[PDB]
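Quick notes on the structure that follows.
Counting neighbours? That spans all protein chains shown, and the Cβs are built from the backbone with ideal geometry, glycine included. Laboratory data are not the source of any read-out in this text; all were calculated from the coordinates shown.
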Amino acid sequence: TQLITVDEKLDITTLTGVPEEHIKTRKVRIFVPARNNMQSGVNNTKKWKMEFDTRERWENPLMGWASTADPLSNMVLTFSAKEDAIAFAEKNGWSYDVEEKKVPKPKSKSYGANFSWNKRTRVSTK
Amino acid sequence: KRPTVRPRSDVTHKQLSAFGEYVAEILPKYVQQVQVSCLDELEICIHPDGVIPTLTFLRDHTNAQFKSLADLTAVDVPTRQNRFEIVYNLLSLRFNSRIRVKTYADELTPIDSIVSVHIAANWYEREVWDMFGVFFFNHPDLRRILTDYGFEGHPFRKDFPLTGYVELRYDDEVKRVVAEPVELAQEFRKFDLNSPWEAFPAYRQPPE
Amino acid sequence: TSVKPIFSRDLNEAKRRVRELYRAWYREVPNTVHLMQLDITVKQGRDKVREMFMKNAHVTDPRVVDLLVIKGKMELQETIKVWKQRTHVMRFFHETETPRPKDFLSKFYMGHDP
Amino acid sequence: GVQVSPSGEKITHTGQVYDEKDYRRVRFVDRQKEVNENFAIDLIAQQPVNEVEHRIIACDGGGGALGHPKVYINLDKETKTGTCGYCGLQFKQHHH
Amino acid sequence: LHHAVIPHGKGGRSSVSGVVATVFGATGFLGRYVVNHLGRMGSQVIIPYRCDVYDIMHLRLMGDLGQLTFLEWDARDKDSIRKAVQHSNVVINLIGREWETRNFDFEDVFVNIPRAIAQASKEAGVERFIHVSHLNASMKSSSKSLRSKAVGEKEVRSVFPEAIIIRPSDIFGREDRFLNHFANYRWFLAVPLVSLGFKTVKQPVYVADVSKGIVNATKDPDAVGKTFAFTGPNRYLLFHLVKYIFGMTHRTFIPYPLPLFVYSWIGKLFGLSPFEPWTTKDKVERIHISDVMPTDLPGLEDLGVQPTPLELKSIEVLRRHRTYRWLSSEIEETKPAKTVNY
Amino acid sequence: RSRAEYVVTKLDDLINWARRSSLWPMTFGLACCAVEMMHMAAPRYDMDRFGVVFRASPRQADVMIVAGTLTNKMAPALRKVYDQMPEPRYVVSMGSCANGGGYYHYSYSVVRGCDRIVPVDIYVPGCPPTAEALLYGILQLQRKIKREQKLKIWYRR
Amino acid sequence: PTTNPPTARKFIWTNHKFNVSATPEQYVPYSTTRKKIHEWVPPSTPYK
Amino acid sequence: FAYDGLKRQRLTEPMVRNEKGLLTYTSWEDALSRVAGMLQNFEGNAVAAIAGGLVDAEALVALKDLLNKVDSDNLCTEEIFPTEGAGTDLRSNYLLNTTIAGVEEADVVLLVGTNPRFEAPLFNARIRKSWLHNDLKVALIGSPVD
Amino acid sequence: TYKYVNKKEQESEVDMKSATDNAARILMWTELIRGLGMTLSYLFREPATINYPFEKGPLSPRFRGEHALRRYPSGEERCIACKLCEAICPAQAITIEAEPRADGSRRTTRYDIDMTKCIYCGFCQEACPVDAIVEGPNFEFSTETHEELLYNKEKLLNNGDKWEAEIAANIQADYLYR
Ligand SMILES: CCCCCCCCCCCCCCCCCC(=O)OC[C@H](COP(=O)([O-])OCC[N+](C)(C)C)OC(=O)CCCCCCCCCCCCCCCCC
Ligand SMILES: NC(=O)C1=CN([C@@H]2O[C@H](COP(=O)(O)OP(=O)(O)OC[C@H]3O[C@@H](n4cnc5c(N)ncnc54)[C@H](OP(=O)(O)O)[C@@H]3O)[C@@H](O)[C@H]2O)C=CC1
Ligand code: SF4
Ligand code: SF4
Ligand code: SF4
Ligand SMILES: [Zn+2]
């Protein structure tokens, strides 16, 4: 008596208040952000993110600042799981492109390979 | 002893844990979680349908007497199914204590308003509806309280942009203040201020 | 695939609520045009109400259309009691906004925005 | 020092100036475009080279805590003086 | 083109529409609307002004920061005209008076100033010049202003050969001198029309429509060297037009057939004033000159503007002139005036 | 020059002296900056000594001191009370919020500067600008409306 | 600053300027950054 | 470090030849009108396209559909690959079928007619990594190149 | 502890003298007369009004006024284009771009401060490692247009050249606290 049945895709775009252009014409990207190679820390590659497609930024006539016309340029949303990001994107009606998480491949490391009798992995300097 | 470390007391933690056990065993129908923080603060997380019995028990019980509602708010965590975590902060002047009651909701499941328990919940739930879009059942006058008249969207949600969608400017052709789509002379520069080295090993999550 | 209803068990009761809200808006539009000194006529306001309803016409979830009825009722009350002004009413018409054309040649000639 | 373009508009120390056909000079019509007359590039070109005796010199820009973070300059290359990265003061070791 | 004149943005307040427009009659009635449209789409608008900074200061919010450049000019200063039109690609000429002062007459205002502006613009190298004359300014008209505007059209075309000549009809708007004038007849006993207001046909055009037409002429590639006619959708007799104006005002209506020569006498009687006159002999001649039919000339349709009707845009002008009794009256409470095909 | 130009200039100087010697603000403030404008009304600075007296109704007001944040819910009221002032009306913007949005420039509910709504005559910077700075702005407005020549431009017309 | 004058520098103004707003001497903002993207210039010689 | 080439010698506006023979800037409408008029003037064999190196697949398929609609099959690339035999018909004929994982997995590699160090620096780096770790036998037909 | 502000202790009973005193208080308006007398005392005091602009309100060396870019005693600009002030600026009122200079130093080609967006909080002057950006105590810089309140690098350096006489003195007087 307090449970009804729906068989739909949970569309809330009419309740979000977003204009039609920023719903239909937008493409979001769902991915784990790549580790920047200037550092070795990997704490930033643990939460999934969706960002939006980049729109036009031009130069201000007066000062030369980076003027924009879109609202969803600084919009970054963080998620614990990829399927949670899919649920949020399909609920808000945005078409999504999803990149699978690029985990680093395990590799064999041995300090004694630097001092090999016959293999080419012997190093000439330290 | 340590001048740069905040002193801690275990007596308040023990009393709040005992009262958490007390409330959890009095109300097993709704209480889903009871936790006491390191800062000596008690939180009870409950089912959404038990907000009226939980608040009524905490206000009108002799051993609770939480007669003052400190605040009512919501937190938008858009990675869980019920994204709006609704928080009631309550004060007990008789026992000089503070308690936090948490519940959950999403964009299409309203919860019961507690205006019949606390009158400040009227304006606080109006603020919650205006900012997050959480509907409240049996509210006397649920409407917007902080946004502009005719404002579309709930701005304290995560997915809402910081600058919004429209701005106001005066047009002399129609002699009116009119709304236009957002254009900024200088765009808000997003800063990635997050170090890729782990800061707190006590909160290290297990890998996925 | 089973959820909890807000007000209507199925789409028919919510459609009844939509019809009642449309009745109230259609009744209010002449009073709004008379009370606030609006440029529009009675026909333009009723056409705008019809346009908004047909804009929201694609919804088939009872909870979503119940919340849409709730939002429309708050807008209606905010129109009954004079809190929206002439500017707030005329924001529905976008008479200062030049509309972007829907054709590819115009989208190509203006800028890079699709 | 300040120099003027063929359009008659003076050039800043960054080196930027509007073109002859640039429409943005109507911003300066009936007004003035101000340029700081003291250029840091030639104001260092008038600074003398600090002649010291040590192989490693320490610079804080003068004034102690009123200057910059103190750095250490290695004066080994005899063909080029050592310049402080903050204040731009040149230092030279003595080979006599 | 130049790198800084390339359009950018989505056409909003902070966008770049890529037009540098020097608007000369920007202080007056049509000038505020054309500057509003230019700053709305986002443009480099130069306003050369003659009057007080307080009098032009209503134009200060029409555009973004630094997109509006106000500068002094004198109508007798070719140097100042050239310095106003030096950095521009569109020069818009809206200079005009409805009367004659002791410093500037109709010939100077409608010939000498537009010729000097066009000459400075051609010698400065702009690529678009738009000049607003009046409709039915062919030649040998019964009023001095129409003849002066016709010979000014001749001089402007002789100096600047590809100038876009825009001929609008009697423009109506919130701050016009047409609908407010006919509602200002209510302060007297009757409405003194010539031949009871008949044999005089008018098609007024909305000021926003004229301004949109001027802006689309700035961005129209095939409008160069053309003469446009900016007319309203419906032609009304003068009697029925004044009847509709007073019906919308809800004041009263008593017409009076008064002969044209003594009406010109009382017109110049009102015009002999040191301040802005209520009416002049030239004003009443322009009122009783009938509007011609634009057959071969292109118009607002060909320039991209749908002409908004006077019946639709009349209540934003005449609600000022009604009393408290009829203040809350809608469009449908006043019968629209009968149109004429001729 | 001729005799009439000097007479017009001296009359116009008298007109402007009266206009700048009697300027009345509308009793209207928004925020922090309104606390500072009543600190300028406070006895240390004495805007009443300078000749500057609050009148609550815009019909008796001359200068409009927009002192604080202009929100989207407040902008129509701001424009209404600006338009209801009589014809010689001047506007001083006070603080970073009224100048260019200030500390809420990137907000969904804040008008990015009150010059988008009302024509601002002068701008006073600061957050808040001190009562010293607002008194400086008021004196600058007095000098600015001393500078104008309405009668002289009318005679040159 | 008669018994304790400030330190003399050769970049400090010898002559002070007051508030020069609403004068031809007033400050006018501009971009201090040069052009970034340079257009390809076509040659001035026809192919045929 | 070659990203700063995207700041110089750039095409920003459409250009057309003059009546005297010089390239001058014009509008998109005029440029597309002239190209479209010439395209409607000329027939299928008379129109051809050639593609360079920094071209995405979207423009390639768009130009392919356009020239196929005007019945043109001369869709050439400035890079030469053999056409007879299998040619481009079979995807194994023009592809690094072993891939870079197969570079790591192989034990003898034979480079014929290439300078991988400059033609594909990361592929050559993977060759060197597998040569250092798994002891590849690398051989070369070509000029003696470091 | 606590105290009562309006609760009187017990009752003062009814006495003939007390009734006469209350009657005199109600009839002859005694508290009104003493309020008049106190306002008369203020009338005969000395006003606290300073004679602006000839007398200025007192300030402190820490005062945050108009922004300025300082130089070294050699005359070289102190800023090294490190963008720390732009990072710390809460209102995002600082825009910086830079490149290596002709001699290889890292100097700003663009240091703009939107002073209509500035909140005048001193975070930039307490975050600058070389004391380049400061808040000189000039507050008398109100303008007539919104544009000329948007400061660029040339205006900021020119203002630092103008106000260097008291900026260095104020930093000398106050720098030992910071
Ligand atoms: C013109 C000459 C100078 C006049 C005085 C000018 C200077 C002083 C001005 C003072 C400031 C006034 C400002 C406005 C104040 C308004 C409030 C106010 O006054 O309220 C009135 C107050 C009101 O008192 P109340 O309001 O506190 O009382 C409570 C009343 N209820 C409960 C109803 C609210 O006092 C009066 O009404 C008293 C009026 C004067 C009575 C004078 C009586 C004199 C003695 C008569 C004879 C007695 C002996 C008879 C014979 C016996 C024989 C045995
Ligand atoms: N209004 C109408 O009914 C119609 C008008 N037109 C034409 O359109 C144009 C604009 O119309 P509108 O706005 O109504 O006209 P206005 O009466 O409002 O005046 C237009 C502008 O001309 C300027 N001006 C007039 N004479 C001189 C002069 N001697 N020196 C310098 N500036 C001068 C005025 O400046 P300032 O404020 O400084 O005096 C004003 O800003 C005019 O050419 C008019 O003839 C065409 C059709 C209908
Ligand atoms: S400018 Fe600063 S002081 Fe003034 S209202 Fe805004 S936040 Fe408050
Ligand atoms: S002003 Fe100071 S903090 Fe800012 S970029 Fe320059 S050196 Fe760094
Ligand atoms: S004072 Fe504060 S708000 Fe202003 S520029 Fe410095 S850091 Fe930014
Ligand atoms: Zn140094």
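Highest mean packing first, where packing is the average number of other Cβ atoms within 10 Å per residue, the peptides F:87-94, F:112-119 line up as F:112-119, F:87-94.
Charged side chains reduced to their Cβ positions (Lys and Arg at +1, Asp and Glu at -1) give the stretch D:1-94 a dipole of some 220 debye around its Cα centre. Rounded to the nearest 500, the helix-only mean residue ellipticity at 222 nm of chain D stands at -1500 deg cm²/dmol, with each DSSP H run of n ≥ 4 adding -39,500 (n - 2.57). The DSSP beta bridges internal to the stretch F:3-157 are antiparallel in roughly 10% of cases. Only one residue of D:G85, D:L75, D:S7 has its Cα farthest out toward the positive end of the dipole of chain D, where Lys and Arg carry +1 and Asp and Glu -1 on Cβ, and that residue is D:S7. Once the GluC sites (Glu not before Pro) in DSSP loops with at most 14 neighbouring Cβ atoms within 10 Å are cut out of chain H, the longest remaining piece is H:85-146. Partners of B:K102 within straight-line reach, counting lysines whose Cα lies under 18 Å from its Cα and excluding those fewer than 8 residues away in the same chain: B:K29, B:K67. Against the main long axis of the alpha-carbon atoms of chain E, helix E:113-124 sits at an angle near 20°.
When a/c is below 1.5 the answer is rounded, else prolate if a/b is larger than b/c, else oblate, so apply that to the stretch E:253-295 with a ≥ b ≥ c taken from the square roots of the Cα gyration tensor eigenvalues.
Values: a/c = 2.22, a/b = 1.41, b/c = 1.58.
Oblate is the answer for the stretch E:253-295, as a/c is 1.5 or above yet b/c matches or exceeds a/b.
Quick one: in chain B, what % of C-alpha pairs are over 24 Å apart? Don't skip to the answer; put the middle values down first.
On the way: 12159 of 21528 pairs.
More than 24 Å apart: 56 percent of the Cα pairs in chain B.
Charge tally around E:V151: other residues with Cβ under 14 Å, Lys/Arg +1 each, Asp/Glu -1 each, net +2.
Packing order of peptides F:136-142, H:109-115, A:120-126, I:94-100, highest average first: F:136-142, I:94-100, H:109-115, A:120-126 (average count of other Cβ atoms within 10 Å over each peptide's residues). Between C:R100, C:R17, C:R91, the GNM of chain C built on Cα springs shorter than 10 angstrom shows C:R100 fluctuating the most. The alpha carbons of the stretch F:80-157 give a radius of gyration and a Dmax of 15.1, 48 Å, in that order.
What separates the Cα centres of the stretch H:1-54 and the stretch I:14-42 is a distance of 99 Å.
Within 10 Å of each Cβ of B:189-198, how many other protein chain Cβ atoms are there on average?
Details: counts 8, 4, 4, 4, 1, 4, 4, 12, 6, 4.
The shielding value for this peptide is 5.
Determine one quarter of the surface area of the Cα convex hull of the protein assembly as shown, which equals its mean projected area, and express it in nm² to one decimal. Before the final figure, lay out each step's value.
Numbers: hull surface 321.0 nm².
Across all orientations, the protein assembly as shown yields a mean hull projection of 80.2 nm².
Could you please report the charge total around B:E180, scoring K, R as +1 and D, E as -1 over all other residues with beta-carbon less than 11 angstrom from its beta-carbon? Before the final figure, lay out each step's value.
Numbers: positive: B:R169, C:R91, E:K10, E:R13, E:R40, F:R116; negative: B:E167, B:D171, B:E183, C:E97.
Overall, the nearby charge balance is +2.
Take each residue of peptide G:40-46, count the partner chain Cβ atoms within 10 Å of its Cβ, and average: the result is 4.
Since only A:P71, F:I138, E:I117 are under comparison, the one whose Cα sits farthest along the positive direction of the charge dipole of the protein assembly as shown, derived from C-beta charges on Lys, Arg, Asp and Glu, is F:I138.
Look at the dipole of the protein assembly as shown built from charges on Cβ: of C:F53, H:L95, E:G25, the Cα furthest out on the positive end belongs to E:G25.
Under a Gaussian network description of chain D, with springs only between Cα atoms under 10 Å, the residue in D:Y86, D:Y72, D:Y23 that fluctuates furthest is D:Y23. Phi angles of the stretch E:190-207 translate, via the Karplus equation with coefficients 6.51, -1.76, 1.60 and θ = phi - 60°, into HN-Hα couplings of 10, 9, x, 8, 8, 6, 6, x, 8, 6, 8, 10, 9, 10, x, 10, 6, 5 Hz per residue; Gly and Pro are given as x.
When Rg and Dmax are taken over the Cα atoms of chain F, they come to 16.9, 59 Å.
Using the rule -39500 (n - 2.57) for each DSSP H run of four or more residues, divided by the residues of chain B, the 222 nm mean residue ellipticity is -6000 deg cm²/dmol.
Would you mind working out the magnitude of the charge dipole of chain E relative to its Cα centre, with +1 at each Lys and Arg C-beta and -1 at each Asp and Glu C-beta, to the nearest 20 Debye? Intermediate results must be reported in sequence, preceding the final value.
Details: 44 positive and 35 negative charges, 144 e Å.
Once rounded to the nearest 20, the dipole reads 700 debye.
P(r) for the stretch A:2-126, from all Cα pairs and a bin width of 10 Å, is 10, 26, 23, 17, 11, 9, 4, 1 %, short bins first.
Three principal axis extents describe the C-alpha atoms of chain E; from largest down they are 61, 42, 41 Å. Only DSSP H runs of four or more residues enter the estimate; each adds -39500 (n - 2.57), and after division by the residues of chain E the mean residue ellipticity at 222 nm equals -9000 deg cm²/dmol. Restricting the calculation to Cα atoms, chain D yields a radius of gyration followed by a Dmax of 19.8, 60 Å.
Positive contributions from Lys and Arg (+1) and negative ones from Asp and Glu (-1), summed over other residues with Cβ under 11 Å from the Cβ of E:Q306, come out at -1. DSSP bridge analysis restricted to chain A gives an antiparallel fraction near 70%, rounded to the nearest 5. Which of the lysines could a cross-linker span from G:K36 if the Cα-Cα distance has to be under 27 Å and same-chain partners fewer than 8 positions apart are dropped? Here the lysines satisfying the reach criterion relative to G:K36 are B:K190, C:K107, D:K10, D:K21, D:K33, E:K10, H:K7, I:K83, I:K117, I:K153, I:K155.
What is the average number of partner chain Cβ atoms found within 10 Å of a Cβ in E:13-20?
Numbers: counts 9, 15, 7, 5, 0, 1, 1, 3.
If you average over the peptide's residues, the count of other-chain Cβ atoms is 5.
Can you list which of the chymotrypsin sites (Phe, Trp or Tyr not before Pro) found in the stretch B:147-204 are DSSP loop residues with at most 11 other C-beta atoms within 10 Å? In loop regions of the stretch B:147-204 (DSSP not H, G, I, E or B), the sparsely surrounded chymotrypsin sites (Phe, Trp or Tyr not before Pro) are B:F191, B:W197. Subtracting the Cα-Cα distance of E:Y342 and E:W265 from their residue separation scaled by 0.36 nm leaves 24.7 nm.
Taking Cα centre as origin and charging only the Cβ of basic (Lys, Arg, +1) and acidic (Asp, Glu, -1) residues, the dipole magnitude of the protein assembly as shown rounds to 1800 debye. Roughly how many Å is it from the Cα centre of the stretch C:51-114 to that of the stretch B:163-205, as a whole number? Centre-to-centre (Cα) distance: 22 Å.
The GNM of chain B, with springs linking C-alpha atoms under 10 angstrom apart, assigns the highest mean-square fluctuation among B:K158, B:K29, B:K190 to B:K190. If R0 equals 22 Å, the separation of the Cβ atoms of A:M38 and B:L193 corresponds to a calculated FRET efficiency of about 0.90.
With R₀ fixed at 41 Å, the C-beta to C-beta distance from G:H16 to F:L11 puts the FRET efficiency at about 0.70. Highest mean packing first, where packing is the average number of other Cβ atoms within 10 Å per residue, the peptides C:4-13, G:14-23 line up as C:4-13, G:14-23.
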